[PDB]
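Q:
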């Protein structure tokens, strides 16, 4: 004998059963016996992809659960994820991950520090026909990245915004199919250092 579940929200990653198996996680017969501020707590216990969920019971015999998942906006390392807001969460490498989604890397506990950047930098590269593919910050705060093409881009550690406006300027100088820019190192001070890709025959 079980209870029905009136679930509401954009169930994109969440299966009804992802829940029945989360409720059952507590040995207490009588699905409705257990307080809902509790059911929430559990299921809402970030799965870790649910943001906040709401449970309220319809006494007939059905349990009205309304949940709102997390909205992915960029990848954190390689087994993680973050949203426009800046919150961290995960999800199994199962039948879910399937979409071009910006890669952002970095050390532990700097999630916003990083997004902070991309968010403000994206605007610039979005300005032109350059769809940034990734952005990573090292421990001591040393950036780096890549554009549509696999064209690298060292950003360094100190002056990032200024140093960044540069690239936009110097670029219309792609004076070819074989010869492709392989990167632009900006770790200098006078200007940048263009570099090409070692092709193979």
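In this note's numbering, the protein residues as written are 793 to 993. Note that CB positions come from ideal geometry on N, CA and C, so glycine has one too.
Kindly say whether residue 870, judged by its beta-carbon, lies nearer than 9 Å to any beta-carbon of chain D.
A: The structure shown has no chain D; it contains just one protein chain.
Q: Helix, strand or coil for residue 876, going by three-state DSSP, please let me know.
A: coil
Q: Quick one: which unbroken beta strand (DSSP E) runs of 3-plus residues sit fully inside the segment 920 to 959? Chain order, please.
A: 926 to 928, 935 to 938, 946 to 948
Q: Please work out which residues of its chain come closer than 7 Å, Cβ to Cβ, to residue 989, disregarding the five sequence neighbours upstream and downstream, and give them in chain order.
A: Setting aside the 5 residues that flank it on each side, residue 989 is surrounded in the same chain by 972, 974, each with a C-beta closer than 7 Å to its C-beta; the list follows chain order.
Q: Is it a yes or a no for the segment 870 to 878 touching the segment 820 to 828, going by three-plus beta-carbon pairs under 8 Å?
A: no
Q: If you reduce the DSSP assignment to three classes, tell me which class residue 836 lands in.
A: coil
Q: In whole angstroms, what is the alpha-carbon distance linking residue 795 and residue 811?
A: 12 Å
Q: Please classify residue 968: is it buried, with 16 or more other beta-carbons within 10 angstroms of its beta-carbon, or exposed?
A: exposed
Q: When the distance is taken between beta carbons, is residue 910 closer than 9 Å to residue 866?
A: In this structure, residue 910 lies closer than 9 Å to residue 866 by Cβ.
Q: If you drop the 5 nearest sequence neighbours on each side, which residues of the same chain put their C-beta closer than 8 Å to that of residue 905?
A: 898, 929
Q: From this set, 850, 883, 952, which residue's C-alpha is nearest residue 916's C-alpha?
A: 952
Q: Mapping DSSP to helix, strand and coil, what is residue 859?
A: The answer is strand: DSSP assigns residue 859 an E or B state.
Q: With which residues is residue 977 paired in a DSSP beta bridge?
A: 946, 985
Q: By alpha-carbon positions, which one of 956, 941, 940 ends up nearest to residue 947?
A: 956
Q: Count the other CB atoms, across all protein chains shown, that sit within 10 Å of the CB of residue 851; report buried if there are 16 or more and exposed otherwise.
A: exposed
Q: How should residue 982 be labelled, buried or exposed, when 16 other C-beta atoms within 10 angstroms of its C-beta is the threshold for buried?
A: exposed
Q: Could you give the residue range of the beta strand (DSSP E) that holds residue 850?
A: 842 to 850
Q: For the putative contact between residue 854 and residue 798, defined by C-beta atoms under 8 Å, what is the C-beta separation to the nearest angstrom?
A: 5 Å
Q: Considering only residues of the same chain and omitting the five flanking positions on each side of residue 963, which have a CB-CB separation below 7 Å?
A: none
Q: What's the gap between the Cα of residue 923 and the Cα of residue 960?
A: 13 Å
Q: Pull up the DSSP beta-bridge partners for residue 866, would you.
A: DSSP output for residue 866 lists 874 as bridge partner(s).
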